[PDB]
Structures are given as C-alpha cells and as structure tokens.
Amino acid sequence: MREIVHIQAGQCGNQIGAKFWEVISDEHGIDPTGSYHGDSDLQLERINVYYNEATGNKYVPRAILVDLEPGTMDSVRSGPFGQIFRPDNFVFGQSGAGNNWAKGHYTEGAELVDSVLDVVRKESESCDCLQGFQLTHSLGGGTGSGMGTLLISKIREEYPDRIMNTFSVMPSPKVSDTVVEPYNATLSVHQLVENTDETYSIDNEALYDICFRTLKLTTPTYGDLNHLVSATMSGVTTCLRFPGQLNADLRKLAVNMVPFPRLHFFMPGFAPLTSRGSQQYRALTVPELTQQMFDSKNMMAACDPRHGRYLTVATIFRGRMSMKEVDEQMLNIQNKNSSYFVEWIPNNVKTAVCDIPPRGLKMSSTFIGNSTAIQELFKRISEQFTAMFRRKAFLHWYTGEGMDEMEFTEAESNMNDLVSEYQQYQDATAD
C-alpha cells in the first residue's frame, strides 16, 4: 500500500484539486518546479504516496487532470503550482457537459473516458503497490458529476481490488452554478453509494455558512470556500502522507471507518476555522481543539452531529502538543457526550498526532466522522430533487440524451433507502 492515483474532474474538481496539490507540496517542501527544498526527513518518508520521482531529482504529482472543457485546464497550468503537473496527464475534451449529468455520464463524457483511462493505466502500471484512487469533483455539475462517476465505474471494473476514495462537493442554492444541481447530485449519490469505498462529503452549504456566519464574510467566493476545503483535504490525508500507526493507508482507514458497505459517507470537521485574509491569531489549546468535535459550526457537511450518533471517528491533531493531554481530552469528550456515540461499536474513536502543523497554524485538529446525522445532507438534496421532479422540470434535457425517467426514480429511491439505513443505526440499541 504505497501509491495513490489522484483524479481531478470538472471545474470544482480541478480548482479544489489544484489547491490540494499546492498545500501538500508546501508541507512536503516541494517548490513549483518539483524540486525538494525542505528541512526535514518526515516530509520525504512517504512522498511516494502522492508523488513520482522524476528522471533524476524532482517530484511530480501522480495526478490526472480531467475536463470536457479546455478553460479550467488553462487556469490550472497558469496557477501557482501549475507547472509541477505531468503535461501528458492533462486530458481535456473540447465541448463541455452543459451542466448536464447525462452528457457527462453518457455522451461527451463517454467519448473522452478512454483517453482518461489510458493516462490512469500508465500511472497505475508504474506502481509497486497501488492503494487505489482519490477523485475530487462536484456533484452539481455535468463533468465532475456525470463523467466523474462514469470514471469511478470504469476504474472499478479494471481495478476491483483497489480502494475508491472521493472528495465529493455537494451543491447548495446559496452557492450555485446551475438550475439542475439537485438532479446531477441525486444521480451521482446513487453511483457513489454503489461504487465508492469512502467518500468525504464536502458541502458547499456548510462552507458558505462558515464563511458568512463564523468568518463574518458577507459575500463569500469560491476562493473563501476552497480555503476551508484545502485545510480539510490536508488534514484528512495527513495519516496517508506521514509515518504513523493509525489509518496509514486507504484500506486500513476503510476497515476502521466503514461498518456497513453503503454507510461510507464521511462528515469532515476542522479546527481552527480561518479566512485567507484572517492570518495571525495565536490561540486554541488541546481542550479547545477537542471541543469542536461536537461543534456543528466546524463541520464541512451541513449536518448537526448532535442530531445523530457517531458510528466511527478518526481524529487527527497537528502541531507540537502533549499526547497525554490529547488522549485524556479525547476520552473526556466521549464520556461527556456518550449519547452521540453508538455503544455497540466499542473504542470507535481513534486518535493520531502528527508533529508537522499546516502552514499558518501552530496547532490544528481534523475530524473524520461516520455519523448518522449525514442523513440531513441527503434529505436536503432529496427535497430539492423532489420539488423539481414532481413537475418534471428540465427533464427533457436528460431524456434527450437517451435517459429514462426510471433512472431518476431509481436514483432517488436509492438515496431515500440510504437515509432509512442511517436512521436504522441511529435508533439501534445494544443493549
């Protein structure tokens, strides 16, 4: 379990993916040319997980950049770390998906898919011990959503024994690029329930609320939202990127986090919450870091964790702090809040402490929860889907691509069954 192959699909997928690559490169001491300039060996110990060692020196991300549109691909190349990527790894079509899942999944997407598979196969064939795949995409668009889930299915068929992991961004009317987001999201969730092993549910609703209410923004931009995402992505991947005992690989993480195959939708959390211009604050102790675990305000999914129960939790602390203090502050939270942890999964909260803090922060905490409260996210998408579907609004753009109404009914039925399944475990006593 060494190499991970990273895939970026569509606008959102590529914007958040670019941001992830620039954040982790800084943490691993890699400059925008691919050369290592760091002052530590922990930075290079597990460099192989995300980077390939190039022809003499230099480190190149094992990333595949995908879009049905050339624009975003130009925007990345022109970005801060744009030149670090393998040029042959940029796979782009010429005609977009028109914000239509059916075009990304069946038409335009299906026409570009084999070119993407060819680039992923070259990266995969090069691996000594492939862990699996990490996909960044939105669920509201056409490419990231439709083509992204098509890629998941095609990758699953060729690599059935590898782990499929996604960073999936959920749409919100508060920050939307298109009228049909509830359709594209519902059709995608159906795919993710069946085809992924682990999904980080990144909700634009939660990201907006944090920027507006907590960061006191006013009118937040994708840049503001993506700053929370990059911090979350860096936090949740810490255990994969640095030496450690806990959830050190994709399969070991899934074994600790997923008690039932379909219940693999994680609610990520993060502390401290900061804005791009907010730099310099100094504060936050071990108890303060742990207190955010149950804090709804620190969740990257618009769910209140106190509305459900935790099946499993992975907690990662970054910076120079006492493991003694962390262990007891984590034990206290569990005892004080025992009603939000299922009793039938003993010792269900795992803690890890990494010495390297993220840039800007002296101390931080990242939470990965498999909570029954995630049903609130799915209920929200389901209600928005139903308001449109009841009237068959915009349906002709999907049926025009050869889709049947039945696919819509099946997708929503599957999403409602998932909601019922979280509810079942939320109510389970054991006892």
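Each form is matched to the other, and the largest set of C-alpha atoms that superpose within 1.5 Å is called the rigid core. Just count from 1 along the sequence shown to find any residue number.
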Between 166-174 and 294-302, which has its CA atoms farther from the current form in 4 other deposited structures of this protein, using a rigid core superposition? 294-302
Core-aligned Cα RMS comparison in 4 other deposited structures of this protein - stretch that moves more, 274-282 or 187-195: 274-282
Mean Cα B factor from the PDB record: higher for 248-256, or higher for 209-217? 209-217
Looking only at C-alpha temperature factors in the entry, 191-199 or 333-341, the higher average sits in 333-341
Kindly indicate the residue among 31, 67, 376, 401 with the greatest C-alpha B-factor in the PDB record. 31
Return the residue from 140, 268, 261, 71 that has the highest Cα B-factor in the entry. 71
Ranking every modelled residue in this chain by its Cα temperature factor as given in the entry, which third contains residue 123? highest
Lowest, middle or highest third - CA B-factor, residue 390: middle
Among the chain's modelled residues, which third holds the C-alpha B-factor of residue 49? middle
Relative C-alpha B-factor of residue 57, binned into the chain's lowest, middle or highest third: highest
Taking the values exactly as deposited, rank residue 417 by C-alpha B-factor within its chain and report the matching third: lowest, middle or highest. lowest
